[PDB]
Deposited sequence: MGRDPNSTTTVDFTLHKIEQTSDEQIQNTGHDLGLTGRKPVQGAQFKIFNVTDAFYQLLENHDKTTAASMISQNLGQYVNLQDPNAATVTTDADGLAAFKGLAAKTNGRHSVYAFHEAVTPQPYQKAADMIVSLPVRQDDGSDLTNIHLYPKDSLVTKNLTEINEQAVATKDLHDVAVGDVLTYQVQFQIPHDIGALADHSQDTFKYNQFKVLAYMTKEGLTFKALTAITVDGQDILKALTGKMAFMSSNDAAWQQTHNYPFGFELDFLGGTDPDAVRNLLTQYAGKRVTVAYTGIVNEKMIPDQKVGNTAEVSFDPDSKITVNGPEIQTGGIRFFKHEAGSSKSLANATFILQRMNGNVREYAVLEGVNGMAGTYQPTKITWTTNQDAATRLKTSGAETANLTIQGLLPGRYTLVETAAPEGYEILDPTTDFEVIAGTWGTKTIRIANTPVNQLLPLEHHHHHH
């Protein structure tokens, strides 16, 4: 007599069981391209069963399957999940050497950006509220999705999306969610003293200049803050440290390893308490003067447990606005230096004026570290034009929206023509055109 195993590979995004029956239209998301191997573990299971009870025997095999079977086995039948997450092992022996057969299921390959489902075993038979046994046994393995996201801007929450308009000086809270393996505390297969896992590296980075690393806000799992307990027992590094430029050359980022630090055994035990559960690693970065327009910068995140393999996920991109002006003489393209402006906006029937930080010495181009807005007009930063050729006043790090450039003082020898120049900042770009501004020469005597 024979038996079938239908697998229903599903996505997991939270903390979470196999009745053996079909659960029908569950309304959950499938996972295609996950290879599972099958192993008959009957003999090895029953040899364990002499000393240990059934739950203990199963636990023992769940961790360290490669101890009890050969995982790199050509003989072992492999099945890959299809577009609906379906995969079936057909035609297995319901009994093996006089006992009801016990089969194990190892996820051999696990697609991006998913962590593997636990190694599960099934001891036959599975029976119902009438004593009849199943012929086809439905299993619902769970691949935990690795995510990355931008969650807060200046400590305020924001609607999740793939492209965020920022302002220079903004603090951006990013997050990386991922699973703690169910076999984290396990020892290596065929080893008494060495551990299975000896690396648990999370590596976030931008390949472009926009951000500057601030901090590592929190680490949370099961609604518990871990970081406070963790810090000093794990290897940590940001792009602010000189160690970063040796191992990487990414402009921004950080690399945390739980099992790469001073006290890896201590952490492994803590990690085991929440084994299987999903952690979240929050970190902040600040938008610097090197964040420019016509630029979309995301970060990536590389979760890994060895140098050989890694799970890579991408978060949302960020861009910021800029604008150029060309202050000229009326009826020519002669550049006019030392024309004085201030930047204005409305804030609901109320006028505000821009104050720029980190802006001294700068004349033509302005590349501030922050911008704030005051109703006291005399406190606004007075902008000066250069003698530059195609554009002699540029400003960056603005949010998209509507502004007004207000000429406070014309350059000497000239009178103001258009005192108030209304203009729109376009999302993530320098804008449609460089905005020309004429000035009338007064032929003085």
*asked:* Ranges lacking C-alpha coordinates, please, mapped onto the deposited sequence and listed in sequence order.
replied: 1 to 8, 25 to 26, 456 to 465
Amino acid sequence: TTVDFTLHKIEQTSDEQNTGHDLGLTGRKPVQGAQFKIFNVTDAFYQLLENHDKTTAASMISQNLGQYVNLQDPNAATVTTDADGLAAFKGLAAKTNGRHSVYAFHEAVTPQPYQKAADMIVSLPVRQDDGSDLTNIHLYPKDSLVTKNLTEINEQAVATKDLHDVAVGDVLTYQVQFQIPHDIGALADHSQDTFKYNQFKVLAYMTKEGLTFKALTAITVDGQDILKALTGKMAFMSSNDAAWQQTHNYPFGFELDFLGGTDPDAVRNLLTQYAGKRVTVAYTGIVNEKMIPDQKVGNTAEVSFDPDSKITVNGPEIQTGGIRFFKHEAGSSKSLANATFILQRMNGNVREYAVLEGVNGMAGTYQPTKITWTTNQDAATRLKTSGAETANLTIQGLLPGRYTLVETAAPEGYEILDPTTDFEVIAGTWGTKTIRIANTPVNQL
From here on, numbers count along this sequence of modelled residues.
_Comparing 278 to 286 with 68 to 76, the one whose average Cα B-factor in the PDB entry is higher_ = 68 to 76
_Comparing 114 to 122 with 255 to 263, the one whose average Cα B-factor in the PDB entry is higher_ = 255 to 263
*Of the residues 332, 217, 220, 299, the one carrying the largest Cα B-factor as recorded*: 332
_Selection from 172, 187, 203, 211 [criterion: highest C-alpha temperature factor in the record]_ = 187
*Determine, from the deposited record, the chain-internal third of the Cα B-factor for residue 239: lowest, middle or highest.*
middle
*Relative to the other modelled residues of the same chain, rank the CA B-factor of residue 426 and answer lowest, middle or highest third.*
middle
*asked:* Is residue 353 in the lowest, middle or highest third of its chain when residues are ranked by C-alpha B-factor?
replied: lowest
*Split the chain's modelled residues into thirds by Cα B-factor; is residue 364 in the lowest, middle or highest one?*
highest
*Chain-relative CA temperature factor third for residue 382*: middle
